[PDB]
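**Q** The structure is given below, and queries will be raised subsequently.
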Amino acid sequence: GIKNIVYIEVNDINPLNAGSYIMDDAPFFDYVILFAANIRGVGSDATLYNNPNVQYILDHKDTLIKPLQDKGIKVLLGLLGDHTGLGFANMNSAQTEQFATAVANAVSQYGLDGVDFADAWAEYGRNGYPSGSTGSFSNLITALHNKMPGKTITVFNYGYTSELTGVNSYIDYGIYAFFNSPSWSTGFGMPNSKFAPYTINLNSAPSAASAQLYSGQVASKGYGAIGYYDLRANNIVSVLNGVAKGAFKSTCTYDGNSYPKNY
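Quick note, the sequence shown lines up with residues 44 to 79, 80A, 81 to 201, 202A, 203 to 225, 226A, 227 to 306 if you use the entry's author numbering.
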């Protein structure tokens, strides 16, 4: 049961567009990631910051999130560094529990299905924060798991993720971080059934022939997911139908609904 996991840049793209692709009377995509809320060091606090676009979607969850979940799509909050020098991987123990508390609170408050960690753009070490890893990234996954054990946690395989092997039982999926070409390996010791070794950039899209070939390999090699980054509001069905044929022996169709970002 390969899962299709798509990241949506909510600064540009209305997440409802993920619901416009259909394969076998179900949404093509199984997980939608609202990319992204940020971790921000503010003095000695580790903070969760939702920019106006993220916060608008969360404030309008009944119209911008719930319709996806009503279709059976799991909707996750993306988490990304934001240039303050503090990131997932250089926190002390107090900051780790602060950030875990903030994230779990966001998931419960907005009725989300989980979170995705993308350890990018933290600019580790700026503003007096540690320049290297403190080992906090593994403790953060454990803290968050303990606060919300039935919710999904995915990890984009970028940054300090190599440290996560000891905690990987708490991680549902890992996603390969480079686009349009598979790497037949996994990060942080994940089994193949919990990894996407192939991640399609839906903005700078590959050919449908490359998507069908590589997705068929994802399936025949027993991997459990395929990643998709930057679904836009155009009709990208030729690529997704390539995957449907390759990985799912099926087809994917587009319903024509291009949802605007008018907020």
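Where a beta carbon is used, it is the ideal one built from N, C-alpha and C, also for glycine.
If you follow the alpha helix (DSSP H) that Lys109 is in, where does it begin and where does it stop?
**A** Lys109 to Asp113
**Q** With DSSP run on the structure shown, which of helix, strand or coil describes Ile214?
**A** coil
**Q** Just to check my reading of the structure: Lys237 and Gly259 have Cβ atoms closer than 8 angstroms, yes? What is that Cβ distance to the nearest angstrom?
**A** Actually they do not touch by this definition, with Cβ atoms about 20 angstroms apart.
**Q** Could you check the C-alpha separation between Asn305 and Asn54 for me, to the nearest Å?
**A** Computed Cα separation, rounded: 11 angstroms.
**Q** Looking only at C-alpha atoms, which of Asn244, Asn135, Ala80A and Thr208 sits nearest to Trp164?
**A** When only C-alpha atoms are compared, the closest one is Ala80A.
**Q** Taking the alpha-carbon positions, what's the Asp156 to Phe78 distance?
**A** Distance from the CA atom of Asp156 to the CA atom of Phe78, rounded to whole angstroms, is 14 angstroms.
**Q** Helix, strand or coil, according to DSSP, for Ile56 in the structure here?
**A** coil
**Q** What's the C-alpha gap between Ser87 and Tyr64?
**A** 44 angstroms
**Q** Taking a contact to mean a Cβ-Cβ separation below 9 angstroms, would you say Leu274 touches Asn246 in this structure?
**A** yes
**Q** Quick one: complete alpha helix (DSSP H) runs, 4+ long, within the region 100 to 185?
**A** 104 to 107, 109 to 113 and 136 to 152
**Q** Is DSSP giving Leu91 helix, strand or coil here?
**A** strand
**Q** With 16 other CB atoms within 10 Å as the buried threshold, where does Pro303 fall?
**A** Answer is exposed; the Cβ neighbour count stays below 16.
**Q** What residues are listed by DSSP as bridge partners for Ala251?
**A** Partner(s): none; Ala251 has no beta bridge.
**Q** Hey, how far is the Cα of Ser212 from the Cα of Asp105?
**A** 32 angstroms
**Q** Could you tell me how far apart the beta carbons of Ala149 and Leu111 are, in whole angstroms, since I believe they sit closer than 8 angstroms?
**A** With a Cβ gap of about 17 angstroms, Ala149 and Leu111 do not count as contacting.
**Q** Assuming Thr139 and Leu183 make a contact with CB atoms under 8 angstroms, what is their CB distance in whole Å?
**A** 5 angstroms
**Q** Opposite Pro70 in the DSSP bridges: which residues?
**A** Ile65
**Q** What's the C-alpha gap between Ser281 and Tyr257?
**A** 15 angstroms
**Q** So which of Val286, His103, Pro240 and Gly154 has the shortest CA-CA distance to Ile116?
**A** The residue with the shortest Cα to Cα distance from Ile116 is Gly154.
**Q** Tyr203 to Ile214, Cα distance in whole Å?
**A** 15 angstroms
**Q** Pick out the complete alpha helix (DSSP H) segments inside the region 257 to 303, 4 residues or longer, and give them in chain order.
**A** 280 to 291
**Q** Enumerate in chain order the residues of its own chain whose CB-to-CB distance from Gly84 is below 7 angstroms, with the five nearest sequence positions on each side excluded.
**A** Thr127, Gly128, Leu129, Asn170 and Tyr172
**Q** Along the beta strand (DSSP E) that carries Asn200, what are the first and last residues, could you check?
**A** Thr195 to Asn200
**Q** My output table needs one value for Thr208: the three-state DSSP class, helix, strand or coil.
**A** helix
**Q** Thinking C-alpha only, which one of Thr197, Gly232 and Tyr241 is nearest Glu206?
**A** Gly232
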